[PDB]
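Below: upload_31.pdb (PDB, C-alpha atoms (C1' of nucleotides) and all ligand atoms)
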```
MODEL        1
ATOM      1  CA  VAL Y   2     111.035 270.592  94.622
ATOM      2  CA  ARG Y   3     112.802 273.530  92.946
ATOM      3  CA  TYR Y   4     112.944 272.672  89.238
ATOM      4  CA  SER Y   5     115.455 274.244  86.849
ATOM      5  CA  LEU Y   6     112.915 275.506  84.290
ATOM      6  CA  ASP Y   7     109.420 276.679  85.073
ATOM      7  CA  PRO Y   8     106.614 275.497  82.767
ATOM      8  CA  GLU Y   9     104.859 278.130  80.670
ATOM      9  CA  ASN Y  10     101.483 276.640  81.742
ATOM     10  CA  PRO Y  11     101.566 274.715  85.059
ATOM     11  CA  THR Y  12      97.913 273.615  84.832
ATOM     12  CA  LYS Y  13      98.569 271.707  81.575
ATOM     13  CA  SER Y  14     102.073 270.556  82.578
ATOM     14  CA  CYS Y  15     103.341 267.704  84.751
ATOM     15  CA  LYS Y  16     106.754 266.892  86.188
ATOM     16  CA  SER Y  17     108.977 263.924  86.957
ATOM     17  CA  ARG Y  18     112.299 263.646  88.765
ATOM     18  CA  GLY Y  19     114.930 261.095  89.702
ATOM     19  CA  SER Y  20     118.017 261.437  91.892
ATOM     20  CA  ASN Y  21     121.171 259.310  92.365
ATOM     21  CA  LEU Y  22     120.331 257.042  89.432
ATOM     22  CA  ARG Y  23     123.090 254.496  88.735
ATOM     23  CA  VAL Y  24     123.424 255.279  85.000
ATOM     24  CA  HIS Y  25     126.313 256.705  82.945
ATOM     25  CA  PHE Y  26     125.855 260.480  82.791
ATOM     26  CA  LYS Y  27     127.218 260.912  79.255
ATOM     27  CA  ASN Y  28     124.991 258.204  77.749
ATOM     28  CA  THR Y  29     122.037 259.657  79.670
ATOM     29  CA  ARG Y  30     122.733 263.171  78.350
ATOM     30  CA  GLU Y  31     122.994 262.028  74.720
ATOM     31  CA  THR Y  32     119.807 259.997  74.886
ATOM     32  CA  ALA Y  33     117.960 262.844  76.684
ATOM     33  CA  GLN Y  34     119.023 265.187  73.885
ATOM     34  CA  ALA Y  35     117.555 262.594  71.517
ATOM     35  CA  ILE Y  36     114.271 262.463  73.529
ATOM     36  CA  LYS Y  37     114.059 266.226  74.130
ATOM     37  CA  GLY Y  38     111.920 267.330  71.183
ATOM     38  CA  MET Y  39     109.612 264.335  71.007
ATOM     39  CA  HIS Y  40     105.970 263.520  71.686
ATOM     40  CA  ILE Y  41     105.491 260.897  74.409
ATOM     41  CA  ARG Y  42     104.331 258.063  72.093
ATOM     42  CA  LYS Y  43     107.197 258.678  69.656
ATOM     43  CA  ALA Y  44     109.631 258.841  72.587
ATOM     44  CA  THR Y  45     108.391 255.534  74.034
ATOM     45  CA  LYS Y  46     108.573 253.868  70.602
ATOM     46  CA  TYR Y  47     112.070 255.219  69.934
ATOM     47  CA  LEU Y  48     113.319 254.169  73.376
ATOM     48  CA  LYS Y  49     112.040 250.663  72.690
ATOM     49  CA  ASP Y  50     113.804 250.788  69.303
ATOM     50  CA  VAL Y  51     117.041 251.842  71.052
ATOM     51  CA  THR Y  52     116.945 248.746  73.271
ATOM     52  CA  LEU Y  53     116.060 246.604  70.240
ATOM     53  CA  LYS Y  54     118.851 248.327  68.198
ATOM     54  CA  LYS Y  55     116.410 249.548  65.545
ATOM     55  CA  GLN Y  56     117.119 253.270  66.036
ATOM     56  CA  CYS Y  57     120.208 254.730  67.674
ATOM     57  CA  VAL Y  58     121.219 257.594  69.952
ATOM     58  CA  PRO Y  59     123.530 260.036  68.126
ATOM     59  CA  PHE Y  60     126.569 260.822  70.268
ATOM     60  CA  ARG Y  61     127.265 264.502  69.657
ATOM     61  CA  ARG Y  62     129.344 265.898  72.534
ATOM     62  CA  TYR Y  63     130.735 262.836  74.353
ATOM     63  CA  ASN Y  64     131.778 260.953  71.223
ATOM     64  CA  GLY Y  65     135.457 260.166  71.777
ATOM     65  CA  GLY Y  66     136.084 256.687  70.413
ATOM     66  CA  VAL Y  67     132.380 256.100  69.792
ATOM     67  CA  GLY Y  68     131.979 253.976  66.668
ATOM     68  CA  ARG Y  69     129.990 254.835  63.575
ATOM     69  CA  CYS Y  70     126.746 253.121  62.594
ATOM     70  CA  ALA Y  71     124.405 253.391  59.629
ATOM     71  CA  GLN Y  72     121.410 254.471  61.741
ATOM     72  CA  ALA Y  73     123.006 257.786  62.782
ATOM     73  CA  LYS Y  74     122.523 259.270  59.290
ATOM     74  CA  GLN Y  75     118.863 259.914  60.147
ATOM     75  CA  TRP Y  76     120.143 262.463  62.696
ATOM     76  CA  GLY Y  77     122.648 264.116  60.359
ATOM     77  CA  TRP Y  78     125.451 262.564  62.397
ATOM     78  CA  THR Y  79     128.005 259.774  62.015
ATOM     79  CA  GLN Y  80     128.516 258.357  65.524
ATOM     80  CA  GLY Y  81     125.714 256.570  67.325
ATOM     81  CA  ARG Y  82     125.211 253.942  69.995
ATOM     82  CA  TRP Y  83     122.327 252.126  71.722
ATOM     83  CA  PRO Y  84     122.445 252.757  75.504
ATOM     84  CA  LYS Y  85     120.079 250.095  76.855
ATOM     85  CA  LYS Y  86     120.179 250.815  80.606
ATOM     86  CA  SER Y  87     120.003 254.551  79.930
ATOM     87  CA  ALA Y  88     117.034 254.038  77.591
ATOM     88  CA  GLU Y  89     115.198 251.938  80.206
ATOM     89  CA  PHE Y  90     115.738 254.367  83.112
ATOM     90  CA  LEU Y  91     114.143 257.391  81.424
ATOM     91  CA  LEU Y  92     111.469 255.058  80.077
ATOM     92  CA  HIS Y  93     110.566 254.181  83.672
ATOM     93  CA  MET Y  94     110.691 257.911  84.430
ATOM     94  CA  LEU Y  95     108.564 258.652  81.354
ATOM     95  CA  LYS Y  96     106.015 256.119  82.647
ATOM     96  CA  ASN Y  97     106.143 257.932  85.999
ATOM     97  CA  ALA Y  98     105.404 261.210  84.194
ATOM     98  CA  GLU Y  99     102.525 259.422  82.421
ATOM     99  CA  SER Y 100     101.123 258.364  85.798
ATOM    100  CA  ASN Y 101     101.520 261.920  87.136
ATOM    101  CA  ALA Y 102      99.677 263.333  84.098
ATOM    102  CA  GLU Y 103      96.840 260.831  84.581
ATOM    103  CA  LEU Y 104      96.618 261.990  88.220
ATOM    104  CA  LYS Y 105      96.262 265.633  87.091
ATOM    105  CA  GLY Y 106      93.732 264.615  84.443
ATOM    106  CA  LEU Y 107      95.780 265.857  81.494
ATOM    107  CA  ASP Y 108      95.190 264.388  78.034
ATOM    108  CA  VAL Y 109      97.378 261.330  77.441
ATOM    109  CA  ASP Y 110      97.963 261.583  73.685
ATOM    110  CA  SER Y 111      98.789 265.323  73.603
ATOM    111  CA  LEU Y 112     101.832 265.207  75.910
ATOM    112  CA  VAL Y 113     105.040 266.594  74.397
ATOM    113  CA  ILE Y 114     108.290 266.466  76.380
ATOM    114  CA  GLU Y 115     108.952 270.187  76.819
ATOM    115  CA  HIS Y 116     111.897 270.146  79.234
ATOM    116  CA  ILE Y 117     114.491 267.497  80.069
ATOM    117  CA  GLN Y 118     117.972 267.750  81.577
ATOM    118  CA  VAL Y 119     120.612 265.503  83.123
ATOM    119  CA  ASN Y 120     122.827 266.624  86.021
ATOM    120  CA  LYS Y 121     125.790 264.902  87.687
ATOM    121  CA  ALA Y 122     124.983 263.067  90.923
ATOM    122  CA  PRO Y 123     127.685 262.731  93.614
ATOM    123  CA  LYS Y 124     130.277 260.244  92.419
ATOM    124  CA  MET Y 125     130.602 257.035  94.414
ATOM    125  CA  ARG Y 126     133.870 255.275  95.061
ATOM    126  CA  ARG Y 127     135.384 251.889  94.289
ATOM    127  CA  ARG Y 128     139.009 250.842  93.903
ATOM    128  CA  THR Y 129     141.027 248.966  91.280
ATOM    129  CA  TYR Y 130     144.436 247.324  91.504
ATOM    130  CA  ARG Y 131     147.266 248.245  89.139
ATOM    131  CA  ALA Y 132     150.880 247.257  88.535
ATOM    132  CA  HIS Y 133     153.797 247.777  90.955
ATOM    133  CA  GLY Y 134     151.502 247.919  93.980
ATOM    134  CA  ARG Y 135     149.446 250.948  92.922
ATOM    135  CA  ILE Y 136     145.734 251.297  93.664
ATOM    136  CA  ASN Y 137     143.589 253.517  91.459
ATOM    137  CA  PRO Y 138     140.039 254.887  91.682
ATOM    138  CA  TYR Y 139     137.111 253.150  89.981
ATOM    139  CA  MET Y 140     134.646 256.016  90.303
ATOM    140  CA  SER Y 141     131.038 255.752  89.142
ATOM    141  CA  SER Y 142     129.282 258.647  87.427
ATOM    142  CA  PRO Y 143     125.568 258.634  88.355
ATOM    143  CA  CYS Y 144     123.026 261.207  87.237
ATOM    144  CA  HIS Y 145     119.978 263.230  88.225
ATOM    145  CA  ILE Y 146     117.275 263.261  85.544
ATOM    146  CA  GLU Y 147     114.567 265.915  85.280
ATOM    147  CA  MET Y 148     111.676 266.237  82.822
ATOM    148  CA  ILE Y 149     108.517 268.289  82.290
ATOM    149  CA  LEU Y 150     105.662 267.381  79.911
ATOM    150  CA  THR Y 151     103.283 269.862  78.279
ATOM    151  CA  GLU Y 152     100.006 269.448  76.391
ATOM    152  CA  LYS Y 153     100.947 270.733  72.912
ATOM    153  CA  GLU Y 154      98.322 270.421  70.177
TER
ATOM    154  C1'   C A   1     118.262 277.823  60.458
ATOM    155  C1'   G A   2     120.326 272.555  62.542
ATOM    156  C1'   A A   3     124.810 269.758  65.385
ATOM    157  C1'   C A   4     129.575 271.197  67.679
ATOM    158  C1'   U A   5     132.442 275.203  69.970
ATOM    159  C1'   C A   6     133.180 280.213  72.620
ATOM    160  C1'   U A   7     131.339 284.341  75.873
ATOM    161  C1'   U A   8     127.574 286.453  79.305
ATOM    162  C1'   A A   9     123.177 286.057  82.267
ATOM    163  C1'   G A  10     118.845 283.162  84.742
ATOM    164  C1'   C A  11     117.820 278.512  87.012
ATOM    165  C1'   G A  12     119.517 273.712  88.485
ATOM    166  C1'   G A  13     123.493 270.260  89.992
ATOM    167  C1'   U A  14     129.015 269.026  91.993
ATOM    168  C1'   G A  15     131.773 271.065  95.914
ATOM    169  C1'   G A  16     131.925 272.957 101.087
ATOM    170  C1'   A A  17     134.745 278.244 100.750
ATOM    171  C1'   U A  18     132.954 282.695 103.358
ATOM    172  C1'   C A  19     130.173 284.614 107.507
ATOM    173  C1'   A A  20     127.785 284.094 112.190
ATOM    174  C1'   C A  21     127.868 280.943 116.172
ATOM    175  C1'   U A  22     131.366 277.435 120.314
ATOM    176  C1'   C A  23     129.894 272.477 126.826
ATOM    177  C1'   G A  24     137.180 273.210 123.031
ATOM    178  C1'   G A  25     142.065 274.664 123.163
ATOM    179  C1'   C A  26     146.465 278.063 124.295
ATOM    180  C1'   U A  27     148.627 281.369 127.876
ATOM    181  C1'   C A  28     148.950 283.741 132.641
ATOM    182  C1'   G A  29     147.902 283.878 137.817
ATOM    183  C1'   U A  30     146.119 281.678 142.832
ATOM    184  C1'   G A  31     145.286 277.968 146.734
ATOM    185  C1'   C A  32     146.284 272.977 147.961
ATOM    186  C1'   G A  33     150.298 269.917 147.100
ATOM    187  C1'   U A  34     147.484 263.623 148.450
ATOM    188  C1'   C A  35     150.215 256.915 145.357
ATOM    189  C1'   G A  36     151.646 251.524 146.915
ATOM    190  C1'   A A  37     152.445 244.405 150.054
ATOM    191  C1'   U A  38     145.748 247.323 154.547
ATOM    192  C1'   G A  39     148.305 245.474 147.273
ATOM    193  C1'   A A  40     149.583 251.401 143.530
ATOM    194  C1'   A A  41     150.052 253.066 138.284
ATOM    195  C1'   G A  42     148.820 250.116 134.169
ATOM    196  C1'   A A  43     146.316 246.045 131.699
ATOM    197  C1'   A A  44     142.736 242.047 130.981
ATOM    198  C1'   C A  45     137.795 240.153 131.417
ATOM    199  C1'   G A  46     132.965 240.808 132.691
ATOM    200  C1'   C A  47     128.306 243.813 134.569
ATOM    201  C1'   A A  48     122.139 247.227 131.796
ATOM    202  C1'   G A  49     114.800 244.443 130.392
ATOM    203  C1'   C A  50     115.908 245.818 125.328
ATOM    204  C1'   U A  51     123.355 247.829 125.051
ATOM    205  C1'   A A  52     127.863 247.814 120.112
ATOM    206  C1'   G A  53     131.122 252.355 121.428
ATOM    207  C1'   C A  54     132.097 256.131 125.208
ATOM    208  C1'   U A  55     131.233 256.597 130.425
ATOM    209  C1'   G A  56     130.379 254.311 135.167
ATOM    210  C1'   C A  57     131.016 249.875 138.127
ATOM    211  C1'   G A  58     133.089 244.792 139.995
ATOM    212  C1'   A A  59     129.776 238.480 140.777
ATOM    213  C1'   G A  60     126.458 243.276 146.090
ATOM    214  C1'   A A  61     129.111 244.645 138.982
ATOM    215  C1'   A A  62     125.529 251.977 134.450
ATOM    216  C1'   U A  63     125.979 250.170 141.497
ATOM    217  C1'   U A  64     124.784 248.729 147.983
ATOM    218  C1'   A A  65     124.450 251.549 152.658
ATOM    219  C1'   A A  66     124.421 256.541 155.128
ATOM    220  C1'   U A  67     123.592 261.977 154.740
ATOM    221  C1'   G A  68     121.591 266.326 152.190
ATOM    222  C1'   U A  69     117.697 267.308 148.848
ATOM    223  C1'   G A  70     112.617 266.543 147.657
ATOM    224  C1'   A A  71     108.840 263.981 142.894
ATOM    225  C1'   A A  72     110.961 262.090 139.215
ATOM    226  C1'   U A  73     114.089 258.537 135.089
ATOM    227  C1'   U A  74     112.893 258.613 130.101
ATOM    228  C1'   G A  75     114.435 256.161 123.546
ATOM    229  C1'   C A  76     110.494 252.427 124.597
ATOM    230  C1'   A A  77     108.303 249.266 128.117
ATOM    231  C1'   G A  78     107.749 247.577 133.433
ATOM    232  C1'   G A  79     106.654 249.128 138.575
ATOM    233  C1'   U A  80     106.478 261.173 150.757
ATOM    234  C1'   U A  81     107.366 255.067 155.898
ATOM    235  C1'   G A  82     110.924 259.055 150.113
ATOM    236  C1'   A A  83     111.504 258.547 143.099
ATOM    237  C1'   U A  84     115.740 260.936 141.114
ATOM    238  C1'   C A  85     120.191 263.674 141.714
ATOM    239  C1'   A A  86     124.398 265.343 144.624
ATOM    240  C1'   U A  87     127.704 264.426 148.711
ATOM    241  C1'   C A  88     130.259 260.230 150.236
ATOM    242  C1'   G A  89     132.505 259.179 156.237
ATOM    243  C1'   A A  90     130.029 252.598 156.111
ATOM    244  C1'   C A  91     130.410 248.007 153.322
ATOM    245  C1'   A A  92     132.195 245.639 149.121
ATOM    246  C1'   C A  93     136.009 245.538 145.347
ATOM    247  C1'   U A  94     136.998 239.250 139.429
ATOM    248  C1'   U A  95     142.227 238.157 136.911
ATOM    249  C1'   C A  96     147.230 239.690 135.620
ATOM    250  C1'   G A  97     150.436 243.347 137.356
ATOM    251  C1'   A A  98     156.423 245.601 142.732
ATOM    252  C1'   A A  99     152.679 240.612 142.225
ATOM    253  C1'   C A 100     153.872 236.883 146.707
ATOM    254  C1'   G A 101     153.374 228.549 147.115
ATOM    255  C1'   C A 102     156.163 226.564 142.105
ATOM    256  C1'   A A 103     155.486 227.990 136.898
ATOM    257  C1'   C A 104     152.954 231.165 133.419
ATOM    258  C1'   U A 105     150.357 225.850 130.057
ATOM    259  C1'   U A 106     145.812 228.883 133.056
ATOM    260  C1'   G A 107     149.547 223.727 134.657
ATOM    261  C1'   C A 108     151.367 221.112 139.362
ATOM    262  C1'   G A 109     151.604 221.254 144.670
ATOM    263  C1'   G A 110     152.439 221.077 150.348
ATOM    264  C1'   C A 111     150.418 222.117 155.639
ATOM    265  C1'   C A 112     146.152 222.955 158.807
ATOM    266  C1'   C A 113     140.830 223.380 159.787
ATOM    267  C1'   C A 114     135.570 222.303 158.233
ATOM    268  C1'   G A 115     131.199 220.082 155.161
ATOM    269  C1'   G A 116     129.502 215.856 151.909
ATOM    270  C1'   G A 117     132.298 211.037 151.323
ATOM    271  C1'   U A 118     133.216 208.350 155.339
ATOM    272  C1'   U A 119     131.221 207.187 160.141
ATOM    273  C1'   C A 120     139.392 208.953 162.285
ATOM    274  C1'   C A 121     140.418 204.899 157.191
ATOM    275  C1'   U A 122     143.144 206.442 153.964
ATOM    276  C1'   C A 123     141.099 207.710 149.386
ATOM    277  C1'   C A 124     137.584 211.447 146.377
ATOM    278  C1'   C A 125     134.912 216.136 145.965
ATOM    279  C1'   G A 126     133.771 221.163 147.684
ATOM    280  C1'   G A 127     135.003 225.490 150.926
ATOM    281  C1'   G A 128     138.279 228.518 154.129
ATOM    282  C1'   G A 129     143.177 230.073 156.107
ATOM    283  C1'   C A 130     148.629 229.849 155.225
ATOM    284  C1'   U A 131     152.985 228.681 152.007
ATOM    285  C1'   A A 132     157.903 234.988 147.724
ATOM    286  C1'   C A 133     162.532 237.877 148.395
ATOM    287  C1'   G A 134     165.675 241.023 151.328
ATOM    288  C1'   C A 135     166.200 243.121 156.098
ATOM    289  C1'   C A 136     165.620 245.064 161.856
ATOM    290  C1'   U A 137     164.643 243.556 167.116
ATOM    291  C1'   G A 138     163.555 239.441 170.018
ATOM    292  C1'   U A 139     162.616 233.941 170.513
ATOM    293  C1'   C A 140     163.665 228.799 169.506
ATOM    294  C1'   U A 141     166.801 224.951 167.591
ATOM    295  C1'   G A 142     171.864 224.307 166.293
ATOM    296  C1'   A A 143     177.447 224.361 164.300
ATOM    297  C1'   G A 144     182.762 225.076 165.174
ATOM    298  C1'   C A 145     190.771 220.687 166.056
ATOM    299  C1'   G A 146     187.277 229.641 167.811
ATOM    300  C1'   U A 147     188.575 231.261 173.156
ATOM    301  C1'   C A 148     188.060 228.949 177.717
ATOM    302  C1'   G A 149     186.249 226.859 182.753
ATOM    303  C1'   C A 150     184.826 222.516 185.413
ATOM    304  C1'   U A 151     184.327 217.138 186.204
TER
HETATM  305 MG    MG R 201     133.643 266.323  71.198
HETATM  306 MG    MG R 202     141.179 259.188  70.147
HETATM  307 MG    MG R 203     145.100 245.267  87.528
HETATM  308 MG    MG R 204     151.869 243.786  96.014
HETATM  309 MG    MG R 205     124.989 278.471  82.602
HETATM  310 MG    MG R 206     128.068 244.881 128.095
HETATM  311 MG    MG R 207     120.882 254.387 148.818
HETATM  312 MG    MG R 208     118.000 259.557 150.837
HETATM  313 MG    MG R 209     154.564 225.108 128.152
ENDMDL
END
```
I need this file expressed as structure tokens, please.
Amino acid sequence: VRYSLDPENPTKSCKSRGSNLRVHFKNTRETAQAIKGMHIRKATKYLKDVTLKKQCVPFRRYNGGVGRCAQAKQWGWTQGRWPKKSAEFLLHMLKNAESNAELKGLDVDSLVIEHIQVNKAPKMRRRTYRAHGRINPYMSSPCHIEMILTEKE
RNA sequence: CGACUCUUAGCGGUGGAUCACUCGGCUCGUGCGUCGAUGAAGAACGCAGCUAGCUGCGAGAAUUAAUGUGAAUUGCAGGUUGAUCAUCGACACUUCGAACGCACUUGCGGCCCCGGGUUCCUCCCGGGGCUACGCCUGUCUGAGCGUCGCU
């Protein structure tokens, strides 16, 4: 599958991919920007802390009306949330990348998430009912998620 | 440095433009110029080993016979003295519908002939053929203090 970014060392790099994932794209982008510079153990621990509301995802671009928490000050930001479903989906995908690395025989504890990006999947359609006999869209915003690990010691 | 924002490029998404195709339309021209009470057009309901739609067909129901052709149909199974296709002149063609026994509930009949029932004794059941309107010619039966003739 044609990836967006090629790895600098494909022997020591593994890939994972997911398409048409029923997650909010904006929450997925902000948490992937949080994951993007991390080692795999730190990323797994921080994604568990997001679901347990111990560490937050800073909302940097899509932050309109997003409330302010105390835990965002570790990121140099004021607005943060804890997207649970979005943290679990790219934890399942991170486990898939773990399983793909173990298949290639790469070292488990040296994996650093080198590339990750979130794209917009095709939007799927439902319908809501408004006043004065008007019917409005109830569109979902699913996402494609892409990541590449790299042995970085 | 970092976040955020702007511009450009690479790659990836969203979207289906452009191009190239076309068993489709539009227009012109030619030949023929054919429906129906022997039941038309239209509609309804059914019919396939696995079948919803489209198509084809009518209880003989994706067809029967005959003729031409000549080894297939096919998504999967099953089984040359002619498989399949095409032609189509034979046979068949459920219900409503001008729609025809009366009505349109799928209801109520009447007449005749058969088979069970019975042993012609009417019942009951099943089957078949008739039972609409208008109108032409002829037949039969009639009507009139209509016009007459005769006993
Ligand atoms: Mg903003
Ligand atoms: Mg506001
Ligand atoms: Mg409402
Ligand atoms: Mg209303
Ligand atoms: Mg770009
Ligand atoms: Mg059928
Ligand atoms: Mg035949
Ligand atoms: Mg033949
Ligand atoms: Mg009634």
task = Give as a PyMOL selection string every residue of chain Y that touches chain A within 7 Å, counting all atoms listed in the file.
result = chain Y and resi 4-6+120-121+123
Chain A near ligand MG 209 (chain R) within 9 Å: what's each residue's closest atom pair and its distance in Å to one decimal, counting all atoms listed in the file, ordered by chain then ascending residue number, as JSON lines?
```
{"residue": "A:104", "atom": "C1'", "partner": "R:MG209", "partner_atom": "MG", "distance": 8.2}
{"residue": "A:105", "atom": "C1'", "partner": "R:MG209", "partner_atom": "MG", "distance": 4.7}
{"residue": "A:107", "atom": "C1'", "partner": "R:MG209", "partner_atom": "MG", "distance": 8.3}
```
File of the preceding selection, C-alpha atoms (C1' of nucleotides), as a PDB file, in the frame of the given file:
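Written out: selection18.pdb:
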```pdb
ATOM      1  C1'   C A 104     152.954 231.165 133.419  1.00  0.00           C
ATOM      2  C1'   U A 105     150.357 225.850 130.057  1.00  0.00           C
ATOM      3  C1'   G A 107     149.547 223.727 134.657  1.00  0.00           C
TER       4        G A 107
END
```
Centre and edges of the region 39-48 of chain Y box, axis-aligned, 3 Å extra per side, as JSON:
```
{"center_x": 108.8, "center_y": 259.1, "center_z": 72.0, "size_x": 15.0, "size_y": 16.5, "size_z": 10.8}
```
Report the closest atom pair, with its distance in Å rounded to one decimal, for each residue of chain A that has an atom no farther than 8 Å from ligand MG 206 (chain R); count all atoms listed in the file, sort by chain and then rising residue number, and write it as a Markdown table.
```
| residue | atom | partner | partner_atom | distance |
| --- | --- | --- | --- | --- |
| A:46 | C1' | R:MG206 | MG | 7.9 |
| A:47 | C1' | R:MG206 | MG | 6.6 |
| A:48 | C1' | R:MG206 | MG | 7.4 |
| A:51 | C1' | R:MG206 | MG | 6.3 |
```
ask   = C1' of residue 95 (chain A) and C1' of residue 37 (chain A) are how many Å apart?
value = 17.8 Å
request  = Please measure the separation of CA of residue 38 (chain Y) and CA of residue 87 (chain Y), giving the value in Å to one decimal.
outcome  =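 A separation of 17.5 Å between them.
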message = Measuring between all atoms listed in the file, which one of A:121, A:140, A:66, A:59 shows the shortest distance to residue 93 (chain A)?
response =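 Distance minimum relative to residue 93 (chain A) lands on A:59.
Between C1' of residue 16 (chain A) and CA of residue 124 (chain Y) lies a distance of 15.5 Å.
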Export region 7-24 of chain Y, N, CA, C and O atoms, as a compact mmCIF listing (two decimals), in the first residue's frame; it's the structure right above.
```txt
# COMPACT_ATOMS: atom_id res chain seq x y z
N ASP Y 7 8.00 7.78 3.13
CA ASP Y 7 8.82 6.58 3.12
C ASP Y 7 9.75 6.56 4.34
O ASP Y 7 10.25 7.61 4.74
N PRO Y 8 9.96 5.39 4.95
CA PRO Y 8 10.93 5.30 6.04
C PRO Y 8 12.36 5.49 5.54
O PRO Y 8 12.70 5.13 4.41
N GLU Y 9 13.20 6.05 6.41
CA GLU Y 9 14.60 6.27 6.09
C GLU Y 9 15.41 4.98 6.12
O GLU Y 9 16.52 4.95 5.58
N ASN Y 10 14.88 3.93 6.73
CA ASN Y 10 15.49 2.61 6.85
C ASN Y 10 14.46 1.47 6.92
O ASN Y 10 14.13 0.96 7.99
N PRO Y 11 13.99 1.01 5.75
CA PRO Y 11 12.86 0.06 5.71
C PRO Y 11 13.14 -1.31 6.33
O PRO Y 11 12.18 -2.02 6.66
N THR Y 12 14.41 -1.69 6.50
CA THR Y 12 14.72 -2.93 7.20
C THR Y 12 14.38 -2.83 8.69
O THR Y 12 13.79 -3.75 9.26
N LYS Y 13 14.68 -1.69 9.31
CA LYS Y 13 14.47 -1.47 10.74
C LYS Y 13 13.18 -0.71 11.02
O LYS Y 13 13.01 -0.13 12.09
N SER Y 14 12.24 -0.70 10.07
CA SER Y 14 11.00 0.05 10.21
C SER Y 14 9.82 -0.85 9.88
O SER Y 14 9.90 -1.66 8.95
N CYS Y 15 8.73 -0.70 10.62
CA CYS Y 15 7.49 -1.41 10.34
C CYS Y 15 6.33 -0.43 10.25
O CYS Y 15 6.42 0.71 10.71
N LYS Y 16 5.23 -0.90 9.67
CA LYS Y 16 4.11 -0.05 9.29
C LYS Y 16 2.81 -0.58 9.88
O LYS Y 16 2.68 -1.77 10.19
N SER Y 17 1.83 0.31 10.02
CA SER Y 17 0.48 -0.09 10.35
C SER Y 17 -0.49 0.91 9.73
O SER Y 17 -0.14 2.06 9.48
N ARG Y 18 -1.72 0.46 9.50
CA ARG Y 18 -2.67 1.22 8.69
C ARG Y 18 -4.08 0.84 9.13
O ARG Y 18 -4.34 -0.30 9.51
N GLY Y 19 -4.98 1.83 9.09
CA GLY Y 19 -6.39 1.55 9.29
C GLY Y 19 -7.27 2.50 8.51
O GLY Y 19 -7.04 3.71 8.51
N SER Y 20 -8.30 1.97 7.86
CA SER Y 20 -9.16 2.74 6.97
C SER Y 20 -10.60 2.66 7.43
O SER Y 20 -11.03 1.61 7.94
N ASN Y 21 -11.34 3.76 7.25
CA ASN Y 21 -12.77 3.89 7.54
C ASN Y 21 -13.07 3.58 9.01
O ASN Y 21 -14.01 2.84 9.34
N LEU Y 22 -12.26 4.16 9.89
CA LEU Y 22 -12.38 3.94 11.32
C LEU Y 22 -13.37 4.95 11.90
O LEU Y 22 -13.20 6.16 11.72
N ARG Y 23 -14.38 4.45 12.61
CA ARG Y 23 -15.50 5.26 13.09
C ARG Y 23 -15.10 6.10 14.30
O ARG Y 23 -15.62 5.89 15.40
N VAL Y 24 -14.16 7.03 14.13
CA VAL Y 24 -13.67 7.87 15.22
C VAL Y 24 -13.77 9.30 14.72
O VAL Y 24 -13.71 9.54 13.51
```
